[PDB]
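Visitor: Sending over data37.csv (CSV, C-alpha atoms).
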```csv
chain,number,residue,atom,x,y,z
A,7,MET,CA,0.0,0.0,0.0
A,8,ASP,CA,1.5,3.4,-1.2
A,9,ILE,CA,0.5,6.7,-2.8
A,10,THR,CA,2.2,9.5,-4.8
A,11,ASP,CA,0.8,12.9,-5.9
A,12,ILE,CA,1.8,14.3,-9.3
A,13,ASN,CA,0.1,17.5,-10.7
B,3,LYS,CA,36.4,-10.1,3.6
B,4,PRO,CA,36.5,-8.3,0.2
B,5,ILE,CA,33.3,-8.2,-1.8
B,6,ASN,CA,34.1,-8.7,-5.5
B,7,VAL,CA,32.2,-6.4,-7.8
B,8,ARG,CA,31.9,-6.2,-11.6
B,9,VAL,CA,30.2,-3.2,-13.2
B,10,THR,CA,30.0,-3.4,-17.0
B,11,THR,CA,28.9,-0.3,-18.8
B,12,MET,CA,28.0,-0.7,-22.5
B,13,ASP,CA,31.5,-0.5,-23.8
B,14,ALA,CA,33.6,-1.2,-20.7
B,15,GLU,CA,33.9,-3.5,-17.7
B,16,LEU,CA,35.3,-2.6,-14.3
B,17,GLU,CA,36.2,-4.9,-11.5
B,18,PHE,CA,37.2,-3.8,-8.0
B,19,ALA,CA,37.0,-4.9,-4.4
B,20,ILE,CA,34.3,-3.4,-2.2
B,21,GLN,CA,34.0,-2.8,1.5
B,22,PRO,CA,31.4,-4.8,3.6
B,23,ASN,CA,29.4,-1.6,4.2
B,24,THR,CA,30.0,0.4,1.0
B,25,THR,CA,26.9,2.4,0.2
B,26,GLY,CA,25.2,2.0,-3.2
B,27,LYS,CA,26.0,5.7,-3.7
B,28,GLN,CA,29.7,5.3,-3.0
B,29,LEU,CA,29.7,2.5,-5.6
B,30,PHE,CA,27.8,4.4,-8.2
B,31,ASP,CA,30.1,7.4,-7.5
B,32,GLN,CA,33.3,5.4,-8.1
B,33,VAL,CA,32.0,4.1,-11.5
B,34,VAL,CA,30.9,7.4,-12.8
B,35,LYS,CA,34.2,8.9,-11.6
B,36,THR,CA,36.3,6.3,-13.3
B,37,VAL,CA,34.4,6.7,-16.6
B,38,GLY,CA,34.3,10.5,-16.3
B,39,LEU,CA,30.6,10.9,-16.5
B,40,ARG,CA,29.0,14.1,-15.3
B,41,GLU,CA,25.4,13.7,-16.5
B,42,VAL,CA,24.8,11.2,-13.8
B,43,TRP,CA,21.0,11.7,-13.5
B,44,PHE,CA,20.0,9.4,-16.4
B,45,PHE,CA,21.8,6.4,-15.0
B,46,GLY,CA,21.6,3.6,-12.5
B,47,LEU,CA,23.2,0.3,-11.5
B,48,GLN,CA,21.1,-2.7,-12.3
B,49,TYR,CA,21.6,-6.1,-10.7
B,50,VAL,CA,19.5,-9.2,-10.2
B,51,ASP,CA,18.2,-10.1,-6.8
B,52,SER,CA,17.7,-13.6,-5.3
B,53,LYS,CA,14.1,-14.0,-6.7
B,54,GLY,CA,15.4,-13.3,-10.2
B,55,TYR,CA,14.0,-9.8,-10.7
B,56,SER,CA,16.1,-7.3,-12.5
B,57,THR,CA,16.4,-4.5,-9.9
B,58,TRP,CA,17.8,-1.0,-9.6
B,59,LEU,CA,20.5,-0.7,-6.9
B,60,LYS,CA,19.5,1.9,-4.2
B,61,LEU,CA,22.1,4.5,-3.5
B,62,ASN,CA,21.1,5.4,0.1
B,63,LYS,CA,21.6,1.8,1.4
B,64,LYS,CA,24.5,-0.5,1.9
B,65,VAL,CA,25.4,-2.1,-1.4
B,66,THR,CA,25.8,-5.3,0.5
B,67,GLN,CA,22.2,-5.2,2.0
B,68,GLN,CA,20.0,-5.0,-1.0
B,69,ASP,CA,19.9,-8.8,-1.7
B,70,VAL,CA,21.8,-8.9,-5.0
B,71,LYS,CA,22.3,-12.5,-6.2
B,72,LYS,CA,25.4,-13.8,-4.3
B,73,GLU,CA,27.9,-14.8,-6.9
B,74,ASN,CA,31.7,-14.2,-6.5
B,75,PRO,CA,31.9,-11.1,-8.5
B,76,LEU,CA,28.8,-9.2,-7.6
B,77,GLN,CA,27.5,-8.2,-11.0
B,78,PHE,CA,25.9,-4.9,-12.0
B,79,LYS,CA,25.1,-3.2,-15.3
B,80,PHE,CA,25.4,0.5,-15.7
B,81,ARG,CA,22.5,1.6,-17.9
B,82,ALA,CA,20.4,4.7,-18.5
B,83,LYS,CA,17.3,4.3,-16.3
B,84,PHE,CA,15.7,7.5,-17.6
B,85,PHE,CA,15.7,8.9,-21.1
B,86,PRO,CA,15.8,12.6,-21.9
B,87,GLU,CA,12.9,14.4,-23.7
B,88,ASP,CA,15.2,15.7,-26.3
B,89,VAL,CA,18.6,14.0,-26.9
B,90,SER,CA,20.3,16.9,-28.6
B,91,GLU,CA,19.7,19.5,-25.9
B,92,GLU,CA,19.9,17.1,-23.0
B,93,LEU,CA,23.0,15.0,-23.7
B,94,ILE,CA,26.0,17.3,-23.7
B,95,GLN,CA,28.9,14.9,-22.8
B,96,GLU,CA,30.3,12.7,-25.6
B,97,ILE,CA,30.4,9.9,-23.0
B,98,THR,CA,26.7,10.2,-22.3
B,99,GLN,CA,25.8,10.4,-26.0
B,100,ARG,CA,27.9,7.3,-26.5
B,101,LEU,CA,26.4,5.1,-23.6
B,102,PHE,CA,23.0,6.1,-25.0
B,103,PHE,CA,23.6,5.4,-28.7
B,104,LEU,CA,24.8,2.0,-27.6
B,105,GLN,CA,22.0,1.1,-25.2
B,106,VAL,CA,19.4,2.4,-27.6
B,107,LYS,CA,20.7,0.7,-30.6
B,108,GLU,CA,21.1,-2.7,-28.9
B,109,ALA,CA,17.3,-2.5,-28.0
B,110,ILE,CA,16.5,-1.4,-31.5
B,111,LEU,CA,18.4,-4.4,-32.8
B,112,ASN,CA,16.6,-6.8,-30.4
B,113,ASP,CA,13.2,-5.9,-31.7
B,114,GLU,CA,12.5,-4.3,-28.3
B,115,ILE,CA,11.9,-0.7,-29.6
B,116,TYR,CA,9.9,-1.2,-32.8
B,117,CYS,CA,11.5,0.3,-35.9
B,118,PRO,CA,10.0,0.0,-39.4
B,119,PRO,CA,12.1,-1.1,-42.4
B,120,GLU,CA,13.2,2.1,-44.1
B,121,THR,CA,14.1,3.8,-40.8
B,122,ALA,CA,16.0,0.6,-39.7
B,123,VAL,CA,18.2,0.9,-42.8
B,124,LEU,CA,18.5,4.7,-42.3
B,125,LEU,CA,19.6,4.1,-38.7
B,126,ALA,CA,22.0,1.3,-39.7
B,127,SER,CA,23.8,3.6,-42.1
B,128,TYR,CA,24.4,6.1,-39.2
B,129,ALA,CA,25.6,3.2,-37.1
B,130,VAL,CA,28.1,2.2,-39.8
B,131,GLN,CA,29.2,5.7,-40.5
B,132,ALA,CA,29.9,5.9,-36.7
B,133,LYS,CA,31.9,2.7,-36.8
B,134,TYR,CA,33.8,2.9,-40.1
B,135,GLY,CA,33.9,6.6,-41.0
B,136,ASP,CA,33.6,7.7,-44.7
B,137,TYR,CA,32.7,5.1,-47.2
B,138,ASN,CA,35.7,4.2,-49.4
B,139,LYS,CA,35.5,2.3,-52.7
B,140,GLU,CA,39.2,1.2,-52.2
B,141,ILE,CA,38.5,-0.1,-48.6
B,142,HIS,CA,35.0,-1.2,-48.0
B,143,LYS,CA,34.6,-4.1,-50.5
B,144,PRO,CA,31.4,-5.8,-51.4
B,145,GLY,CA,30.5,-7.6,-48.1
B,146,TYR,CA,32.4,-5.3,-45.7
B,147,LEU,CA,29.2,-5.4,-43.7
B,148,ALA,CA,28.6,-9.2,-43.6
B,149,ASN,CA,29.9,-9.5,-40.1
B,150,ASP,CA,27.8,-6.7,-38.6
B,151,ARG,CA,24.5,-7.1,-36.9
B,152,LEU,CA,22.8,-4.1,-38.4
B,153,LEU,CA,19.0,-4.6,-38.7
B,154,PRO,CA,16.2,-5.5,-36.3
B,155,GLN,CA,15.5,-9.2,-36.5
B,156,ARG,CA,11.7,-8.7,-37.4
B,157,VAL,CA,12.8,-6.4,-40.2
B,158,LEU,CA,14.7,-9.3,-41.8
B,159,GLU,CA,12.0,-11.7,-41.1
B,160,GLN,CA,9.2,-9.7,-42.7
B,161,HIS,CA,10.7,-8.1,-45.7
B,162,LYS,CA,12.6,-11.0,-47.3
B,163,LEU,CA,15.6,-9.6,-49.3
B,164,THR,CA,19.0,-11.3,-49.4
B,165,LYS,CA,21.8,-10.5,-46.9
B,166,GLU,CA,23.8,-8.9,-49.6
B,167,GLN,CA,20.8,-6.8,-50.7
B,168,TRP,CA,20.1,-5.3,-47.3
B,169,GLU,CA,23.8,-4.5,-47.3
B,170,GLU,CA,23.7,-2.8,-50.6
B,171,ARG,CA,20.9,-0.7,-49.2
B,172,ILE,CA,22.8,0.4,-46.1
B,173,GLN,CA,25.9,0.9,-48.3
B,174,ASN,CA,23.9,3.4,-50.4
B,175,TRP,CA,22.8,5.2,-47.2
B,176,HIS,CA,26.4,4.9,-45.9
B,177,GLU,CA,27.8,6.4,-49.1
B,178,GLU,CA,25.8,9.5,-48.5
B,179,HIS,CA,26.9,10.4,-45.0
B,180,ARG,CA,30.4,11.1,-46.4
B,181,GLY,CA,31.9,13.7,-44.1
B,182,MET,CA,30.1,12.9,-40.9
B,183,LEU,CA,32.0,12.5,-37.7
B,184,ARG,CA,31.7,9.4,-35.4
B,185,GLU,CA,30.3,11.7,-32.8
B,186,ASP,CA,27.7,13.5,-35.0
B,187,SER,CA,26.7,10.2,-36.5
B,188,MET,CA,25.7,8.7,-33.2
B,189,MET,CA,23.7,11.8,-32.5
B,190,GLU,CA,21.9,11.8,-35.8
B,191,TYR,CA,21.1,8.2,-35.0
B,192,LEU,CA,19.6,9.1,-31.6
B,193,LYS,CA,17.6,12.0,-33.0
B,194,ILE,CA,15.8,9.5,-35.2
B,195,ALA,CA,15.3,6.8,-32.5
B,196,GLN,CA,13.9,9.1,-29.8
B,197,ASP,CA,10.9,9.6,-32.1
B,198,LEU,CA,10.1,5.9,-32.2
B,199,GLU,CA,6.8,5.1,-30.5
B,200,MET,CA,8.5,2.6,-28.1
B,201,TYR,CA,11.6,4.7,-27.4
B,202,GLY,CA,12.3,5.4,-23.7
B,203,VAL,CA,9.2,3.7,-22.3
B,204,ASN,CA,9.0,0.9,-19.7
B,205,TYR,CA,6.3,-1.6,-20.3
B,206,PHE,CA,4.5,-3.6,-17.5
B,207,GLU,CA,2.1,-6.5,-18.2
B,208,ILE,CA,-1.2,-5.8,-16.4
B,209,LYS,CA,-4.9,-6.6,-16.4
B,210,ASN,CA,-8.1,-4.6,-15.6
B,211,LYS,CA,-10.9,-5.5,-13.3
B,212,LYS,CA,-12.5,-7.4,-16.2
B,213,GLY,CA,-9.4,-9.6,-16.2
B,214,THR,CA,-8.2,-8.9,-19.8
B,215,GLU,CA,-4.5,-8.5,-20.6
B,216,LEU,CA,-2.9,-5.0,-21.0
B,217,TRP,CA,0.4,-3.1,-21.0
B,218,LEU,CA,1.3,-0.1,-18.9
B,219,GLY,CA,3.9,2.3,-20.3
B,220,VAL,CA,5.8,4.6,-18.0
B,221,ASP,CA,7.9,7.3,-19.7
B,222,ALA,CA,9.4,10.7,-19.7
B,223,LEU,CA,6.0,12.2,-20.3
B,224,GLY,CA,3.6,10.1,-18.2
B,225,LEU,CA,1.7,6.9,-18.2
B,226,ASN,CA,0.1,5.2,-21.2
B,227,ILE,CA,-2.2,2.1,-21.5
B,228,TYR,CA,-1.8,-0.3,-24.4
B,229,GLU,CA,-3.7,-3.3,-25.6
B,230,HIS,CA,-1.7,-6.5,-25.4
B,231,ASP,CA,-1.9,-6.9,-29.2
B,232,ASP,CA,-0.3,-3.4,-29.9
B,233,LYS,CA,2.7,-2.1,-27.9
B,234,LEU,CA,2.9,1.0,-30.2
B,235,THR,CA,-0.4,3.0,-30.0
B,236,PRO,CA,-1.8,4.0,-26.6
B,237,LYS,CA,-5.4,3.2,-25.9
B,238,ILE,CA,-5.5,5.9,-23.2
B,239,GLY,CA,-2.8,8.4,-22.3
B,240,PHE,CA,-2.0,10.2,-19.1
B,241,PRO,CA,0.5,13.1,-19.2
B,242,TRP,CA,1.9,14.2,-15.8
B,243,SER,CA,0.0,17.5,-16.1
B,244,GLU,CA,-3.3,15.5,-16.4
B,245,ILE,CA,-2.6,13.2,-13.3
B,246,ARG,CA,-3.5,14.1,-9.7
B,247,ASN,CA,-2.6,11.0,-7.7
B,248,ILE,CA,-1.3,7.5,-8.3
B,249,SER,CA,-1.5,4.8,-5.7
B,250,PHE,CA,-1.3,1.1,-5.1
B,251,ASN,CA,-2.8,-1.2,-2.5
B,252,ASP,CA,-1.5,-4.8,-2.9
B,253,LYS,CA,-1.8,-5.9,-6.6
B,254,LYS,CA,-4.3,-3.1,-7.3
B,255,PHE,CA,-3.0,0.1,-8.8
B,256,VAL,CA,-5.1,3.2,-9.3
B,257,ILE,CA,-4.6,6.5,-11.3
B,258,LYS,CA,-6.6,9.6,-10.3
B,259,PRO,CA,-7.0,12.3,-13.0
B,260,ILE,CA,-7.0,16.1,-12.5
B,261,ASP,CA,-10.5,16.8,-13.8
B,262,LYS,CA,-13.2,15.2,-11.5
B,263,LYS,CA,-15.3,14.2,-14.5
B,264,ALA,CA,-12.8,11.5,-15.6
B,265,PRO,CA,-13.4,7.9,-14.3
B,266,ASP,CA,-10.0,7.2,-12.6
B,267,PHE,CA,-8.0,4.3,-14.1
B,268,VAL,CA,-7.6,1.0,-12.3
B,269,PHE,CA,-5.3,-2.0,-13.0
B,270,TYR,CA,-4.1,-5.2,-11.4
B,271,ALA,CA,-0.4,-6.1,-11.2
B,272,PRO,CA,0.7,-9.8,-11.0
B,273,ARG,CA,2.5,-9.3,-7.7
B,274,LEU,CA,2.9,-6.5,-5.2
B,275,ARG,CA,6.5,-5.7,-5.9
B,276,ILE,CA,5.6,-5.0,-9.6
B,277,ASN,CA,3.5,-2.0,-8.4
B,278,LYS,CA,6.4,-1.0,-6.1
B,279,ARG,CA,8.5,-0.6,-9.2
B,280,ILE,CA,5.8,1.1,-11.2
B,281,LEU,CA,5.5,3.6,-8.4
B,282,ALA,CA,9.3,4.1,-8.1
B,283,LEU,CA,9.7,4.6,-11.9
B,284,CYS,CA,7.0,7.2,-12.2
B,285,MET,CA,8.3,9.2,-9.2
B,286,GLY,CA,11.9,9.4,-10.4
B,287,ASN,CA,10.7,10.1,-14.0
B,288,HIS,CA,8.2,12.8,-13.0
B,289,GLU,CA,10.8,14.4,-10.7
B,290,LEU,CA,13.2,14.9,-13.7
B,291,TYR,CA,10.2,16.1,-15.8
B,292,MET,CA,9.9,18.9,-13.2
B,293,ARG,CA,13.6,19.4,-12.6
B,294,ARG,CA,14.1,20.3,-16.3
B,295,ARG,CA,11.5,23.1,-16.1
B,296,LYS,CA,12.8,25.2,-13.2
B,297,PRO,CA,16.0,27.3,-13.4
```
Here is a file; write its structure as structure tokens.
Guide:
Amino acid sequence: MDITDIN
Amino acid sequence: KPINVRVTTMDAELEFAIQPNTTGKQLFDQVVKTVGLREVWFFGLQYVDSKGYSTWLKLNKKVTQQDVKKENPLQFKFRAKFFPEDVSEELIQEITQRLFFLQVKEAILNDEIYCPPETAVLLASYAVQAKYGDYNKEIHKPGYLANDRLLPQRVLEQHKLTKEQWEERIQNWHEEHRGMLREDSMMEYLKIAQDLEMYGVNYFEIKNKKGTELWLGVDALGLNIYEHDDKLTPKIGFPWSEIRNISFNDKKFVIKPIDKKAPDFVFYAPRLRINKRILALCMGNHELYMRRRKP
């Protein structure tokens, strides 16, 4: 479980 | 005890002893220093872990504690992990241009990056002009190209000409580059390759909720989804600008778009760690996509 935020 | 380490680049090997707590970075640093490479941002050290996965070696971690397959010489490959958006304005060092030319061409030759017939021949001529210099009636005698692996395999398989025909063809294209330098030639090569639909894009085999096979492409400019049958044309695209948040939770990966009216994309990886990588790749890649749009 992981998350990244781009624009 | 000394840990034995081999690090082949694309035209060089290097073998030295390593300290039982040498940090990935320290290793990477030595290699780049020995080769005299300044543009270090495109590159990585690639090894194979105990499960068999080709993995990128992490710089902020002991090179001895990342579970690389334990062979006597610990083996790594120094390859471009990220590709520039425009070769000519992004690759300044001759060294960098060279390590790229080589890595790119190799893949172009292995039917990895698709390349159609005419362009394949066009590229080959640039590759030979790089190798041999100006064509010369007196030197390069009929068949001077018989030993060189010059064209994508599929090219040869589909358009059936003779070996000496394809050669005549490249020779014709070779004859014309009279006056090009080994350096320029490799660049002219890259300028053509970087426009190929499969250039500088990492594919991952995936499936949607409906359980049908697909490909995910991570590249300099964002994510792309392909149908298993076509690795070239994207079915849906996602530039960085048009992506809000990417996440995974186990084998399930989800992309969330900027405009709320779009039904966020969802795919299923075959294992957890496959998403781990997809996430890693995107991050590093997006980061550079920003970094080259700041000062």
Visitor: Can you tell me which residues surround segment 7-11 of chain A at a distance of at most 9 Å, considering all atoms listed in the file, apart from same-chain residues fewer than 2 positions away, and format the answer as a PDB file with C-alpha atoms, in the coordinates of the input?
Guide:
```pdb
ATOM      1  CA  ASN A  13       0.100  17.500 -10.700  1.00  0.00           C
TER       2      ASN A  13
ATOM      3  CA  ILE B 245      -2.600  13.200 -13.300  1.00  0.00           C
ATOM      4  CA  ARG B 246      -3.500  14.100  -9.700  1.00  0.00           C
ATOM      5  CA  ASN B 247      -2.600  11.000  -7.700  1.00  0.00           C
ATOM      6  CA  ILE B 248      -1.300   7.500  -8.300  1.00  0.00           C
ATOM      7  CA  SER B 249      -1.500   4.800  -5.700  1.00  0.00           C
ATOM      8  CA  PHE B 250      -1.300   1.100  -5.100  1.00  0.00           C
ATOM      9  CA  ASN B 251      -2.800  -1.200  -2.500  1.00  0.00           C
ATOM     10  CA  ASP B 252      -1.500  -4.800  -2.900  1.00  0.00           C
ATOM     11  CA  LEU B 274       2.900  -6.500  -5.200  1.00  0.00           C
ATOM     12  CA  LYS B 278       6.400  -1.000  -6.100  1.00  0.00           C
ATOM     13  CA  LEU B 281       5.500   3.600  -8.400  1.00  0.00           C
ATOM     14  CA  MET B 285       8.300   9.200  -9.200  1.00  0.00           C
TER      15      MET B 285
END
```
Visitor: Counting all atoms listed in the file, which residues from chain B have an atom at most 12 Å from any atom of chain A, and could you show them as a PDB file with C-alpha atoms, in the coordinates of the input?
Guide:
```
ATOM      1  CA  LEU B 223       6.000  12.200 -20.300  1.00  0.00           C
ATOM      2  CA  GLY B 224       3.600  10.100 -18.200  1.00  0.00           C
ATOM      3  CA  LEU B 225       1.700   6.900 -18.200  1.00  0.00           C
ATOM      4  CA  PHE B 240      -2.000  10.200 -19.100  1.00  0.00           C
ATOM      5  CA  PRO B 241       0.500  13.100 -19.200  1.00  0.00           C
ATOM      6  CA  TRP B 242       1.900  14.200 -15.800  1.00  0.00           C
ATOM      7  CA  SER B 243       0.000  17.500 -16.100  1.00  0.00           C
ATOM      8  CA  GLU B 244      -3.300  15.500 -16.400  1.00  0.00           C
ATOM      9  CA  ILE B 245      -2.600  13.200 -13.300  1.00  0.00           C
ATOM     10  CA  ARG B 246      -3.500  14.100  -9.700  1.00  0.00           C
ATOM     11  CA  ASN B 247      -2.600  11.000  -7.700  1.00  0.00           C
ATOM     12  CA  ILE B 248      -1.300   7.500  -8.300  1.00  0.00           C
ATOM     13  CA  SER B 249      -1.500   4.800  -5.700  1.00  0.00           C
ATOM     14  CA  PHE B 250      -1.300   1.100  -5.100  1.00  0.00           C
ATOM     15  CA  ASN B 251      -2.800  -1.200  -2.500  1.00  0.00           C
ATOM     16  CA  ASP B 252      -1.500  -4.800  -2.900  1.00  0.00           C
ATOM     17  CA  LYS B 253      -1.800  -5.900  -6.600  1.00  0.00           C
ATOM     18  CA  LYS B 254      -4.300  -3.100  -7.300  1.00  0.00           C
ATOM     19  CA  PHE B 255      -3.000   0.100  -8.800  1.00  0.00           C
ATOM     20  CA  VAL B 256      -5.100   3.200  -9.300  1.00  0.00           C
ATOM     21  CA  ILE B 257      -4.600   6.500 -11.300  1.00  0.00           C
ATOM     22  CA  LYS B 258      -6.600   9.600 -10.300  1.00  0.00           C
ATOM     23  CA  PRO B 259      -7.000  12.300 -13.000  1.00  0.00           C
ATOM     24  CA  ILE B 260      -7.000  16.100 -12.500  1.00  0.00           C
ATOM     25  CA  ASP B 261     -10.500  16.800 -13.800  1.00  0.00           C
ATOM     26  CA  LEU B 274       2.900  -6.500  -5.200  1.00  0.00           C
ATOM     27  CA  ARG B 275       6.500  -5.700  -5.900  1.00  0.00           C
ATOM     28  CA  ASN B 277       3.500  -2.000  -8.400  1.00  0.00           C
ATOM     29  CA  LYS B 278       6.400  -1.000  -6.100  1.00  0.00           C
ATOM     30  CA  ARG B 279       8.500  -0.600  -9.200  1.00  0.00           C
ATOM     31  CA  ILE B 280       5.800   1.100 -11.200  1.00  0.00           C
ATOM     32  CA  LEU B 281       5.500   3.600  -8.400  1.00  0.00           C
ATOM     33  CA  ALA B 282       9.300   4.100  -8.100  1.00  0.00           C
ATOM     34  CA  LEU B 283       9.700   4.600 -11.900  1.00  0.00           C
ATOM     35  CA  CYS B 284       7.000   7.200 -12.200  1.00  0.00           C
ATOM     36  CA  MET B 285       8.300   9.200  -9.200  1.00  0.00           C
ATOM     37  CA  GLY B 286      11.900   9.400 -10.400  1.00  0.00           C
ATOM     38  CA  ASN B 287      10.700  10.100 -14.000  1.00  0.00           C
ATOM     39  CA  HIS B 288       8.200  12.800 -13.000  1.00  0.00           C
ATOM     40  CA  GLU B 289      10.800  14.400 -10.700  1.00  0.00           C
ATOM     41  CA  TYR B 291      10.200  16.100 -15.800  1.00  0.00           C
ATOM     42  CA  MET B 292       9.900  18.900 -13.200  1.00  0.00           C
TER      43      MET B 292
END
```
Visitor: I'd like the contact shell of residue 117 of chain B - 8 Å cut-off, only C-alpha atoms, skipping same-chain residues fewer than 3 positions apart - returned as a ChimeraX atom specification.
Guide: /B:110,113,121-122,154,198
Visitor: Would you mind reading off the distance between atom CA of residue 231 of chain B and atom CA of residue 196 of chain B, one decimal, in Å?
Guide: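 We find that atom CA of residue 231 of chain B and atom CA of residue 196 of chain B lie 22.5 Å from each other.
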Visitor: Rounded to one decimal place, report the atom CA of residue 182 of chain B-atom CA of residue 103 of chain B distance in Å.
Guide: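 These two atoms are separated by 15.7 Å.
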Visitor: Set the distance at 9 Å and use all atoms listed in the file: which residues neighbour residue 98 of chain B once local chain neighbours fewer than 3 positions away are removed? I'd like the list as a PyMOL selection string.
Guide: chain B and resi 39-42+44+93-95+101-103
Visitor: How many Å separate atom CA of residue 52 of chain B from atom CA of residue 75 of chain B?
Guide: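 So the answer is 14.8 Å.
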Visitor: Please, which residues are within 12 Å of (0.7, -3.1, -28.6) by the file's coordinates, counting only C-alpha atoms, and could they come as a CSV table (one decimal) with C-alpha atoms, in the frame of the given file?
Guide:
```csv
chain,number,residue,atom,x,y,z
B,114,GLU,CA,12.5,-4.3,-28.3
B,115,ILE,CA,11.9,-0.7,-29.6
B,116,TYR,CA,9.9,-1.2,-32.8
B,199,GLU,CA,6.8,5.1,-30.5
B,200,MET,CA,8.5,2.6,-28.1
B,205,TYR,CA,6.3,-1.6,-20.3
B,206,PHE,CA,4.5,-3.6,-17.5
B,207,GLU,CA,2.1,-6.5,-18.2
B,215,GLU,CA,-4.5,-8.5,-20.6
B,216,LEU,CA,-2.9,-5.0,-21.0
B,217,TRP,CA,0.4,-3.1,-21.0
B,218,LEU,CA,1.3,-0.1,-18.9
B,219,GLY,CA,3.9,2.3,-20.3
B,226,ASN,CA,0.1,5.2,-21.2
B,227,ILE,CA,-2.2,2.1,-21.5
B,228,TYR,CA,-1.8,-0.3,-24.4
B,229,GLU,CA,-3.7,-3.3,-25.6
B,230,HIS,CA,-1.7,-6.5,-25.4
B,231,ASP,CA,-1.9,-6.9,-29.2
B,232,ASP,CA,-0.3,-3.4,-29.9
B,233,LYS,CA,2.7,-2.1,-27.9
B,234,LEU,CA,2.9,1.0,-30.2
B,235,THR,CA,-0.4,3.0,-30.0
B,236,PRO,CA,-1.8,4.0,-26.6
B,237,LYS,CA,-5.4,3.2,-25.9
```
Visitor: So, counting all atoms listed in the file, which residue among B:214, B:160, B:174, B:127 is closest to residue 187 of chain B?
Guide: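 Closest residue, counting all atoms listed in the file: B:127.
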Visitor: For residue 58 of chain B, list every protein, DNA or RNA residue within 9 Å, evaluated using all atoms listed in the file, and leave out those in the same chain fewer than 5 positions away; present the list as a short mmCIF file (atom, residue, chain, number, x, y, z; two decimals) with C-alpha atoms, in the coordinates of the input.
Guide:
```
data_model
loop_
_atom_site.label_atom_id
_atom_site.label_comp_id
_atom_site.auth_asym_id
_atom_site.auth_seq_id
_atom_site.Cartn_x
_atom_site.Cartn_y
_atom_site.Cartn_z
CA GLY B 46 21.60 3.60 -12.50
CA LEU B 47 23.20 0.30 -11.50
CA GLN B 48 21.10 -2.70 -12.30
CA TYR B 49 21.60 -6.10 -10.70
CA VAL B 50 19.50 -9.20 -10.20
CA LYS B 83 17.30 4.30 -16.30
#
```
Visitor: Find the spatial neighbours of residue 189 of chain B, counting all atoms listed in the file, within a cut-off of 9 Å - ignore same-chain residues fewer than 2 positions away - and output them as an NGL selection string.
Guide: :B and (89-90 or 99-100 or 103 or 128 or 184-187 or 191-194)
